[PDB]
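Beneath this line is the structure, given in structure tokens, with notes to follow.
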Amino acid sequence: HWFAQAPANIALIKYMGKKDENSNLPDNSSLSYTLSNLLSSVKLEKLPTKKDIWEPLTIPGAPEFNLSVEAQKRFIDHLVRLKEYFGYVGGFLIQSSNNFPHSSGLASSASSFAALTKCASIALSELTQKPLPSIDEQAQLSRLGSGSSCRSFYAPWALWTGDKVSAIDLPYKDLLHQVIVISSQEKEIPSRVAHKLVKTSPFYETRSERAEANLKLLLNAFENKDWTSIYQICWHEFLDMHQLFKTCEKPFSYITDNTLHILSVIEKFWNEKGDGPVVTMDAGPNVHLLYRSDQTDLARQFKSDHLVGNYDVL
Amino acid sequence: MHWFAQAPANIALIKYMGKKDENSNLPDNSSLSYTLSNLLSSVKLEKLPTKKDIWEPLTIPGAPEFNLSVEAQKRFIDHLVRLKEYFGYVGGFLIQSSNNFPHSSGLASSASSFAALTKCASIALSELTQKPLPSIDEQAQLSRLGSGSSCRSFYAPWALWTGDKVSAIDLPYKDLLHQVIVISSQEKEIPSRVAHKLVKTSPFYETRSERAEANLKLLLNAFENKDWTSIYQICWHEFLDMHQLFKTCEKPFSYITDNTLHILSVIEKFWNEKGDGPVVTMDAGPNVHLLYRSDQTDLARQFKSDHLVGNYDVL
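Taken in order, these protein sequences are the chains called E and G. Each residue of the first sequence is one higher than the last, beginning at 9 in the UniProt record's numbering. Each residue of the second sequence is one higher than the last, beginning at 8 in the UniProt record's numbering.
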């Protein structure tokens, strides 16, 4: 058997799967923070069969009850893609796992494909006696399965622009990451399906331009040690994306009155303390908080004054 | 052979009330309770040759209790089945549950009973299957499935349940004096479980969780400031809110009676007179709970002497 892990990552500027389906290049650049403590793992074992089998596992290592078709479909196809790259014929039992709380949000997607790419590279390289691809190359490969995952190969910050993904040196490195858990509604639209639906939003056409412009301002804000501007820009950024969800042909939303309540409280907090956490959301209901190394107490204060007894925090 | 475990009862200052999401099973609002470490439920498990469990409640002395309940038994056994399936075990058990508090008192035994069953089954099933024993948090989550209230009994002295997480919260007061004014039940009394269902028809039910959260924020702030007077008032407002739900539903019912009102009124007057008193709460039942600070022993004895003795039974 073979094993490997990869960290999840949270994007300040969203990629959103918006890409040129010709060259497979991203329509706009994306910048993300690597969450080194949240890991996805993948164990691979050969099967006497030529077909792969996917068996997700819970933290302890017991089978996870999961009846997914779409997610499974993509994961298997990526392994097959990798086996083709190495010219390998044979099936593998795939056992993936997360070290984080599970459910209640937490996108495993990116870190899971990164771990699979890493593990299959080790396994396949050994099995076929082929050169093991470099880190940069593995990112490129993982990219083919999950765009977001290519950013999980770099730390602490990853910048994905054009045909290149790499680590980027920015002024804030050891952040405190917390997730405000907002439970999903009855028939929630999957992150990947959201990426397709937003196409009918009148603001979609100009989405990448705004993303690029936001990135330029964001980088400048980092260059100036301007945490307040980082906050405001990332704020506009994720709201921009979510607005796409509610302005398409059949409006939908992850954000609810409950989400708005805590988001509002965070604003009042920033105004009150003159400082606060950087905030962002993905194509889901959870709200992510990012605090500086010197904000541990402020973080504890906000949590005690506004999160305790109202929201679950991861 | 056999396995034995115990769990404490707990009393909520902010009520969960069984108000939960139909699909996620998460509580609509958080809940806060005091762990009553002296009131205990016990569960003994003995393996049976068959595959089916048997429930035989017992009295404090150890003799079979006369109980013809179907609903209570169904829930309790299903919880064991649930636990056995979690461990992947196949086999029946003789379940012997008991409490260290009188039947006549009419105290809710559900919460501590399910916690005890969870703990005992966890031990028993762990050794029988050679699996590791589940952590406290995992056990609480499991117990949560048979009885919402029971997950709070896995922590002390205070437990805060928010979303799918339950934990001990470090609050200023500990070693409280707990007294219960036992008010005899009326014939045809609605069970706690059913009352939680009936309140859906109250016009105030829809907005009940908003008030509970608002009260929780105030209560927590009261604790931080060591403001006992505010804890009293908030808890007062909280339980009266819930009880108003019972009498404003489709078919109004009430555990509170003129007898109850007399003593509640007395407590208020006592508070006005002394400028200090007990924290008071009520569950979906007739009894009235008093909570005093460890430094209020004399005030408590004074109130029991001057207003409880000769009028109400007290535990």
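Every residue, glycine too, gets a C-beta built ideally from N, C-alpha and C.
### Message
For the UniProt domain "Mvd1 C-terminal" (187-305) of chain G, list every residue whose C-beta sits within 7 angstroms of some C-beta in chain E, in sequence order.
### Response
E220, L223, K224, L227
### Task
Please list, in chain order, all residues of the same chain as E/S216 whose beta carbon is under 8 angstroms from its beta carbon, the five residues on each side excluded.
Here the question's residue 216 of chain E lines up with position 208 in the first sequence. Answer for E/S216: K26, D35, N36, listed in chain order.
### Query
With distances taken from CA atoms, which of G/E280, G/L271, G/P259, G/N232 is nearest G/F246?
Here residue 246 of chain G refers to the residue found at position 239 when the second sequence is read from its first residue. Cα-wise, what sits closest to G/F246 is G/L271.
### Query
With distances taken from CA atoms, which of G/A291, G/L315, G/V97 is nearest G/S116?
As a working mapping, residue 116 of chain G is identified with position 109 in the second sequence. It is G/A291.
### Query
Which runs of the alpha helix (DSSP H) spanning at least 4 residues fall entirely within the UniProt domain "Mvd1 C-terminal" (187-305) of chain G, listed in chain order?
199-205, 215-231, 235-254, 265-281
### Query
Under the three-state reduction of DSSP, which class applies to E/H110: helix, strand or coil?
On the first sequence, residue 110 of chain E is found 102 positions in, with the first residue counted as 1. In this structure, E/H110 counts as coil in the three-state DSSP scheme.
### Query
Start and end of the beta strand (DSSP E) containing G/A175?
Residue 175 of chain G sits at position 168 when you count from the first residue of the second sequence. G/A175 -> beta strand (DSSP E) spans 172-175.
### Buried/exposed call for E/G170, threshold 16 Cβ in 10 Å
Here residue 170 of chain E corresponds to residue number 162 of the first sequence, with the count starting at 1. Burial call: exposed.
### Completely contained beta strand (DSSP E) runs for the segment 30-59 of chain E, where each covers 3 or more residues
38-55
### Task
Output the boundary residues of the beta strand (DSSP E) element that contains E/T169.
Within the first sequence, numbered from 1, the residue matching residue 169 of chain E stands at position 161. Segment 165-169, the beta strand (DSSP E) holding E/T169.
### Query
What whole-angstrom Cβ distance do E/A163 and E/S44 have, given they're in contact under 8 angstroms?
Within the first sequence, numbered from 1, the residue matching residue 163 of chain E stands at position 155. Within the first sequence, numbered from 1, the residue matching residue 44 of chain E stands at position 36. Indeed, because the Cβ distance is near 6 angstroms, the residues count as touching under 8 angstroms.
### Query
Between G/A122 and G/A19, which are expected to be in contact by the criterion C-beta below 8 angstroms, what is the C-beta distance as a whole number of angstroms?
Walking along the second sequence from the start, residue 122 of chain G turns up at place 115. Walking along the second sequence from the start, residue 19 of chain G turns up at place 12. That belief does not hold up - the Cβ atoms of G/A122 and G/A19 are roughly 14 angstroms apart, past 8 angstroms.
### Query
DSSP on G/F100, reduced to helix/strand/coil?
Numbered from its first residue, the second sequence carries residue 100 of chain G at position 93. In this structure, G/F100 counts as strand in the three-state DSSP scheme.
#### Entry: Contacting residues, own chain, Cβ-Cβ under 8 angstroms from E/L33 (five flanking each side not counted)
Indexing the first sequence from 1 puts residue 33 of chain E at position 25. Result list for E/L33: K27, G170, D171, in chain order.
### Message
Helix, strand or coil for E/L65? Go by DSSP, reduced to three states.
### Response
Residue numbering aside, residue 65 of chain E sits at position 57 when the first sequence is read from its first letter. Note: E/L65 maps to strand in three-state DSSP.
### Query
Which whole-angstrom value is the C-beta distance of E/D248 and E/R200, which I expect to be below 8 angstroms?
Numbered from its first residue, the first sequence carries residue 248 of chain E at position 240. Numbered from its first residue, the first sequence carries residue 200 of chain E at position 192. In fact, because the Cβ distance is near 19 angstroms, the residues do not count as touching under 8 angstroms.
### Query
Which first and last residues belong to the alpha helix (DSSP H) in which E/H9 is found?
Along the first sequence, read from residue 1 onward, the residue named residue 9 of chain E stands at position 1. Unbroken run through E/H9: none, as it is neither H nor E.
### Query
Based on Cα-Cα distance, which residue from E/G69, E/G99, E/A202, E/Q103 lies nearest to E/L132?
Here residue 132 of chain E refers to the residue found at position 124 when the first sequence is read from its first residue. Measuring from the Cα of E/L132, the nearest candidate turns out to be E/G99.
### Task
Under 8 angstroms by Cβ, that's how I've got G/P141 and G/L149 pegged, so tell me the actual separation to the nearest angstrom.
On the second sequence, residue 141 of chain G is found 134 positions in, with the first residue counted as 1. On the second sequence, residue 149 of chain G is found 142 positions in, with the first residue counted as 1. Going by Cβ atoms, the distance from G/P141 to G/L149 rounds to 7 angstroms, so yes, they are a contact pair.
### Query
Which residues, in chain order, does the segment 8-38 of chain G contribute to contact with chain E at a C-beta distance below 8 angstroms?
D28, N30, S31, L33, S37
### Task
Work out the CA separation of E/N74 and G/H9 for me, nearest whole Å.
Against the second sequence, residue 9 of chain G aligns to sequence position 2. Against the first sequence, residue 74 of chain E aligns to sequence position 66. Their backbone Cα atoms lie some 36 angstroms apart in a straight line.
### Query
Ends of the alpha helix (DSSP H) at G/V316?
For the purposes of this step, residue 316 of chain G is taken as the residue at position 309 of the second sequence. Unbroken run through G/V316: none, as it is neither H nor E.
### Message
For E/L298 and E/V187, which I take to be in contact (beta-carbon distance under 8 angstroms), what is that distance rounded to the nearest angstrom?
### Response
Here residue 298 of chain E refers to the residue found at position 290 when the first sequence is read from its first residue. Here residue 187 of chain E refers to the residue found at position 179 when the first sequence is read from its first residue. With a Cβ gap of about 11 angstroms, E/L298 and E/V187 do not count as contacting.
#### Entry: Within-8 angstroms CB hit, E/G113 to chain G
By one-based count along the first sequence, residue 113 of chain E stands at place 105. Cβ-Cβ to chain G under 8 angstroms: no for E/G113.
### Query
Can you find a C-beta in chain G that's less than 8 angstroms from the C-beta of E/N318?
Against the first sequence, residue 318 of chain E aligns to sequence position 310. Output row for E/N318: interface = yes.
### Message
Judging by CA-CA distance, which residue of G/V295, G/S209, G/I61, G/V88 is the nearest neighbour of G/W243?
### Response
Residue mapping note: residue 243 of chain G aligns to position 236 of the second sequence, counting from 1. It is G/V295.
### Query
Who are the near neighbours of E/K138 in its chain, counting only those whose CB is closer than 6 angstroms to its CB and skipping five residues on each side?
Residue 138 of chain E sits at position 130 when you count from the first residue of the first sequence. Counting only Cβ-Cβ distances below 6 angstroms, and skipping sequence neighbours, we find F94.
### Interface residues of the segment 140-174 of chain G facing chain E [CB-CB below 9 angstroms]
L167, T169, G170, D171, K172
### Task
Would you kindly work out how many angstroms separate the C-alpha atoms of E/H110 and E/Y41, rounded to a whole number?
If you number the first sequence from 1, residue 110 of chain E lands on position 102. If you number the first sequence from 1, residue 41 of chain E lands on position 33. Going by the C-alpha atoms only, they are around 20 angstroms apart.
### Query
Between the C-alpha atoms of G/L114 and G/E196, what's the straight-line distance to the nearest angstrom?
Your numbering for residue 114 of chain G matches position 107 in the second sequence. Your numbering for residue 196 of chain G matches position 189 in the second sequence. Cα-Cα distance, rounded: 14 angstroms.
### Message
If you reduce the DSSP assignment to three classes, tell me which class E/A19 lands in.
### Response
Numbered from 1 along the first sequence, position 11 holds the residue referred to as residue 19 of chain E. Reduced to three states, the DSSP call for E/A19 is strand.
### Message
What does DSSP give as the partner residue(s) for G/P71 in the beta ladder?
### Response
Start at 1 with the first residue of the second sequence, and residue 71 of chain G comes out as number 64. In DSSP, G/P71 forms a bridge with G/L65.
### Chain-order list of residues whose beta-carbon lies under 6 angstroms from that of E/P179 (same chain, five-residue window excluded)
As a first step, residue 179 of chain E must be located in the first sequence, where it is residue number 171. For E/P179, where only same-chain residues beyond five positions count, the Cβ hits under 6 angstroms are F230, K233.
#### Entry: Supposed contact pair E/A118 and E/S157 - C-beta distance, whole angstroms, cut 8 angstroms
Here residue 157 of chain E is taken as the residue at index 149 of the first sequence, counted from 1. Here residue 118 of chain E is taken as the residue at index 110 of the first sequence, counted from 1. Rounded, the Cβ-Cβ distance is 4 angstroms, consistent with contact.
### Query
For E/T255, which residues from the same chain have a beta carbon less than 7 angstroms from its beta carbon, with the 5 sequence-adjacent residues on both sides left out?
To locate residue 255 of chain E, count along the first sequence from 1; it is residue 247. Same-chain partners within the cutoff: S209, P210, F211.
### Task
Please list, in chain order, all residues of the same chain as E/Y23 whose beta carbon is under 7 angstroms from its beta carbon, the five residues on each side excluded.
Numbered from 1 along the first sequence, position 15 holds the residue referred to as residue 23 of chain E. Counting only Cβ-Cβ distances below 7 angstroms, and skipping sequence neighbours, we find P34, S38, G155, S156, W168.
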